[PDB]
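Note sheet for the following structure.
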Number of protein chains: 2
Amino acid sequence: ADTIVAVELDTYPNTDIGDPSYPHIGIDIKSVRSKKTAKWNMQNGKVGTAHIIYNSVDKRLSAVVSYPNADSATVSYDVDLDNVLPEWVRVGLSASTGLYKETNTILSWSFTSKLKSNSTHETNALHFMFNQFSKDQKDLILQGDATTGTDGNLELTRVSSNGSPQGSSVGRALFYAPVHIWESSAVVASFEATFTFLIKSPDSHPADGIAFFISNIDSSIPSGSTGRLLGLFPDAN
Amino acid sequence: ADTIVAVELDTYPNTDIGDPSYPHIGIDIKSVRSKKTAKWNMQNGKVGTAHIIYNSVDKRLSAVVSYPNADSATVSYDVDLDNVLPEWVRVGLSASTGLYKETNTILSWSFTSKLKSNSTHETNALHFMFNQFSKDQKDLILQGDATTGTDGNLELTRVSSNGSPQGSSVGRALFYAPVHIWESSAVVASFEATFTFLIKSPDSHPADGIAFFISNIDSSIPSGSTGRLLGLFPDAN
Ligand SMILES: O=C(NCCO[C@H]1O[C@H](CO)[C@@H](O)[C@H](O)[C@@H]1O)c1ccc(-c2cc(-c3ccc(C(=O)NCCO[C@H]4O[C@H](CO)[C@@H](O)[C@H](O)[C@@H]4O)cc3)cc(-c3ccc(C(=O)NCCO[C@H]4O[C@H](CO)[C@@H](O)[C@H](O)[C@@H]4O)cc3)c2)cc1
Ligand SMILES: [Ca+2]
Ligand SMILES: [Ca+2]
Ligand SMILES: [Mn+2]
Ligand SMILES: [Mn+2]
């Protein structure tokens with residue numbers, strides 16, 4: 001299977017696979033069963049912001065999710081991503097729906113990776129910023145149901161023309177270029193990701209969520225990963 | 001055939017296809033016969049810097065090549081790149097040798113592209129920076145004789161184990177991700193590229209040069225484009 005590290009915005013509690021009994025943000029290392037979670041006071045139909053940060057000095061992956069004029073949710077986990085990920089990865093967003101559904105709409109996405117060396121004292125860097133997605137976005141790999149260019153947005157899961165989200169949907173968008181995420185001859189390796197999202201459930205019973213993830217370059221949507229597995233994992237182990 | 005826009009650092013005077021008598025920097029729009037040139041006091045075996053700039057406000061492509069403690073060479077040409085290039089491109093470096101030869105060593109390369117909309121009043125951007133090239137650089141496409149890893153450098157043309165450049169060589173390195181170089185909904189499109197290079201000829205007779213180029217995404221080395229064609233053009237038209 002793929003190797004996945006992900007930050008989940010999990011809108012539906014699957015208590016049979018370790019979810020707490022409330023919408024939560026979580027850090028996922030090679031399993032949908034989050035190594036750490038925090039309660040998330042998710043706001044139906046309002047624009048949210050997710051910030052993800054990692055640096056190789058602290059070896060700590062953290063995420064903050066916020067809405068205007070509300071308290072943040074934050075979650076952190078100590079992990080050395082050198083022991084978890086391959087040296088080269090792709091970065092992406094994933095979302096899914098099941099019996100229950102929501103818009104998984106991305107309004108903007110930015111990413112920065114840096115390797116600062118000293119032996120050869122100069123830095124390698126990648127930065128991308130999408131504030132507008134177009135109909136034929138050739139620096140994105142769209143998988144499953146993901147589409148671009150509807151009001152300049154990335155729709156990770158299927159939405160009908162009148163704006164109704166579909167059930168049993170899964171879709172992902174990966175940046176085209178592979179990312180050099182760690183190198184054992186750097187003194188500082190770091191990345192940050194920001195996205196703004198609009199999650200709207202008409203039934204106000206939302207599912208299943210959005211994740212930022214980092215994978216092996218050749219990662220694809222695993223068979224049967226709709227619903228609780230967020231288009232990231234083949235099973236619930 | 002490919003669509004090419006390029007800034008050439010042309011070390012060899014091919015006076016039959018309109019080169020001047022001396023090493024020159026040139027702006028190439030769909031032909032090796034530069035639309036504009038400037039004299040370049042090229043220094044055998046010293047590290048140089050090239051800076052390339054364009055914005056859609058001035059519609060002016062400019063370049064400056066410099067060494068420590070020396071007068072720059074600069075060249076500009078008015079051109080509307082949205083009348084020349086496709087919307088989506090790749091960016092790269094190219095070099096060649098012919099009967100005469102030189103090391104075509106790249107020590108660093110950075111690129112920034114930005115599209116500023118009025119729709120969102122918000123911006124799409126790509127930035128990469130390589131200060132070190134690794135043996136397996138998965139965010140580069142290498143074509144022809146180009147290799148990475150030797151002392152952390154990119155060698156666009158063939159060099160022997162002791163640093164002797166081979167003749168009749170051609171090689172290119174393209175950034176993996178397509179770039180969105182223009183869009184008619186943007187109010188400003190701009191790019192900049194910077195690279196440092198070490199061009200060394202033991203015979204003290206250098207050829208043929210190095211170019212920064214922008215092409216169609218599926219561009220490859222034209223057949224027979226060693227020597228004066230700099231790996232960019234199928235002919236001297
Ligand atoms: O326009 C000029 N102007 C003057 C000189 O240029 C300078 O001058 C000033 C000071 O010097 C300075 O102020 C300026 O900077 C200025 O630019 C000019 C025009 C042409 C040439 C030139 C011509 C030729 C050439 C050779 C042979 C023919 C030929 O015989 N054609 C066939 C016959 O055609 C005619 O007759 C038939 C039959 O009747 C008819 O059908 C036809 O229609 C015709 O009428 C034509 C022209 C050649 C050169 C030249 C060639 C080669 C080199 C050179 O250095 N080669 C090295 C080897 O190349 C390989 O290695 C290189 C290095 O690695 C690579 O780059 C290559 O790719 C190869 O691999 C140099 C010059 C010039 C000159 C000036
Ligand atoms: Ca869940
Ligand atoms: Ca030439
Ligand atoms: Mn969960
Ligand atoms: Mn020239």
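Numbering starts fresh at 1 for the residues of each chain in the structure tokens, the chains themselves are lettered A, B, ... in the order given, and ligands are numbered from 1 as they appear.
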Determine, counting only C-alpha atoms, which protein, DNA and RNA residues have an atom within 6 Å of an atom of region 192-201 of chain A; residues of the same chain fewer than 3 positions away are not included. Present the result as a ChimeraX atom specification.
/A:44-45,47-53,102-112,204,206
For residue 60 (chain B), list every protein, DNA or RNA residue within 8 Å, evaluated using only C-alpha atoms, and leave out those in the same chain fewer than 2 positions away; present the list as a PyMOL selection string.
chain B and resi 54-56+58+62+76-80
Now that the selection is made, can you save its residues with N, CA, C and O atoms as a short mmCIF file (atom, residue, chain, number, x, y, z; two decimals), in the first residue's frame?
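Listed below is the output, selection18.cif:
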data_model
loop_
_atom_site.label_atom_id
_atom_site.label_comp_id
_atom_site.auth_asym_id
_atom_site.auth_seq_id
_atom_site.Cartn_x
_atom_site.Cartn_y
_atom_site.Cartn_z
N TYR B 54 10.75 39.43 -16.58
CA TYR B 54 9.63 39.79 -17.47
C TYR B 54 8.44 40.20 -16.61
O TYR B 54 8.14 39.49 -15.64
N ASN B 55 7.71 41.21 -17.05
CA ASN B 55 6.33 41.42 -16.55
C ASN B 55 5.44 41.84 -17.71
O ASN B 55 5.93 42.40 -18.71
N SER B 56 4.17 41.47 -17.61
CA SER B 56 3.09 41.74 -18.57
C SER B 56 2.72 43.23 -18.55
O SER B 56 1.97 43.62 -19.42
N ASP B 58 5.07 45.97 -18.57
CA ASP B 58 6.04 46.50 -19.57
C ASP B 58 6.11 45.63 -20.83
O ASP B 58 6.56 46.15 -21.83
N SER B 62 14.07 40.97 -20.17
CA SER B 62 15.42 41.51 -19.98
C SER B 62 16.28 40.48 -19.30
O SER B 62 15.77 39.63 -18.55
N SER B 76 17.58 43.73 -23.58
CA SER B 76 16.11 43.80 -23.44
C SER B 76 15.43 43.75 -24.79
O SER B 76 15.96 44.24 -25.77
N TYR B 77 14.23 43.22 -24.80
CA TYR B 77 13.42 43.18 -26.02
C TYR B 77 11.96 43.29 -25.63
O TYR B 77 11.55 42.57 -24.69
N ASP B 78 11.22 44.13 -26.34
CA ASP B 78 9.76 44.29 -26.14
C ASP B 78 9.13 43.13 -26.87
O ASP B 78 9.41 42.96 -28.05
N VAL B 79 8.36 42.34 -26.15
CA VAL B 79 7.64 41.20 -26.72
C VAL B 79 6.48 40.91 -25.78
O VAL B 79 6.65 41.04 -24.56
N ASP B 80 5.34 40.60 -26.35
CA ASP B 80 4.13 40.23 -25.61
C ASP B 80 4.12 38.70 -25.61
O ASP B 80 3.67 38.11 -26.59
#
Dump the neighbourhood of ligand 1 as a VMD selection string: all residues within 7 Å, distances computed on only C-alpha atoms and all ligand atoms.
chain B and resid 12 to 16 18 to 22 97 to 101 168 207 to 208 226 to 229
What residues have any atom no more than 7 Å from ligand 5 when counting only C-alpha atoms and all ligand atoms, and can you list them as a list in words?
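Selection of residues at most 7 Å from ligand 5: residues 8, 10, 13, 19, 24, 26, 32, 33 and 34 of chain B.
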So what do you get for CA of residue 223 (chain B) versus CA of residue 148 (chain B), distance-wise?
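CA of residue 223 (chain B) sits 22.8 Å away from CA of residue 148 (chain B).
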